[PDB]
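Visitor:
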Amino acid sequence: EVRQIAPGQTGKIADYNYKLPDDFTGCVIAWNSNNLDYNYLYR
Amino acid sequence: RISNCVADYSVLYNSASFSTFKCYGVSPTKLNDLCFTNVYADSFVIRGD
């Protein structure tokens, strides 16, 4: 959900849970974690 | 066309059920504020691409 969790944030992720303000930033890398380490929640 | 209503763009704006909610010209927030002369909406279905 890269486009989701990003600047230009809008959605329950933003208001409910998590959207840091718009400042010049980088991004996160790809991997497996549910089946490379589940029941984990937002806010 | 629609009229003779009262709107609440809120449940659509927040309930992300509307998936690819990408918009133009307006703030999808201020949508639950502004008022319009009249509205039109076309609907359809297409492939996943």
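Going down the list, the sequences are from chains B and C.
With the deposited numbering as the guide, the letters of the first sequence map in order to residues 406 to 442, 449 to 454.
Here the deposited numbering is used: the first residue of the second sequence is 357, the next is one more, and so on.
All C-beta atoms in this analysis are idealised placements derived from N, C-alpha and C, irrespective of residue type, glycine included.
Closer than 6 Å by C-beta to C:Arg357: which residues in its own chain qualify, once you throw out the five before and the five after it? Chain order, please.
Guide: Locating residue 357 of chain C in the second sequence gives position 1, where the first residue counts as 1. Closer than 6 Å at Cβ, skipping near neighbours: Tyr396.
Visitor: Which residues share a DSSP beta bridge with C:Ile358?
Guide: Along the second sequence, one-based indexing puts residue 358 of chain C at 2. Looking at the DSSP output, C:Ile358 shares a beta bridge with C:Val395.
Visitor: Which residue wins for smallest C-alpha separation from B:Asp428, given the options B:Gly416, B:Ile418, B:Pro412, B:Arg408?
Guide: Here residue 428 of chain B refers to the residue found at position 23 when the first sequence is read from its first residue. Ranked by Cα distance from B:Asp428, the options B:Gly416, B:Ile418, B:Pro412, B:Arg408 are led by B:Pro412.
Visitor: Within the same chain, show all residues whose beta-carbon is closer than 8 Å to that of C:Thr385, passing over the 5 residues directly before and after it, in chain order.
Guide: For the purposes of this step, residue 385 of chain C is taken as residue 29 along the second sequence, with counting starting at 1. Cβ neighbours of C:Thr385 beyond the five flanking positions: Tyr369.
Visitor: Taking only beta-carbon atoms, is C:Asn388 less than 8 Å away from chain B?
Guide: Stepping through the second sequence from its first residue, residue 388 of chain C is reached at position 32. No, C:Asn388 lies away from the interface with chain B (no Cβ there is under 8 Å from its Cβ).
Visitor: Quick one: grab the DSSP three-state call for B:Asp420.
Guide: Here residue 420 of chain B refers to the residue found at position 15 of the first sequence. Correct three-state label for B:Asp420: helix.
Visitor: Let me confirm a value: B:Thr415 is counted as buried when at least 16 other C-beta atoms fall within 10 Å, else exposed. Which label applies?
Guide: Your numbering for residue 415 of chain B matches position 10 in the first sequence. Counting Cβ neighbours within 10 Å, B:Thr415 comes out buried, since at least 16 surround it.
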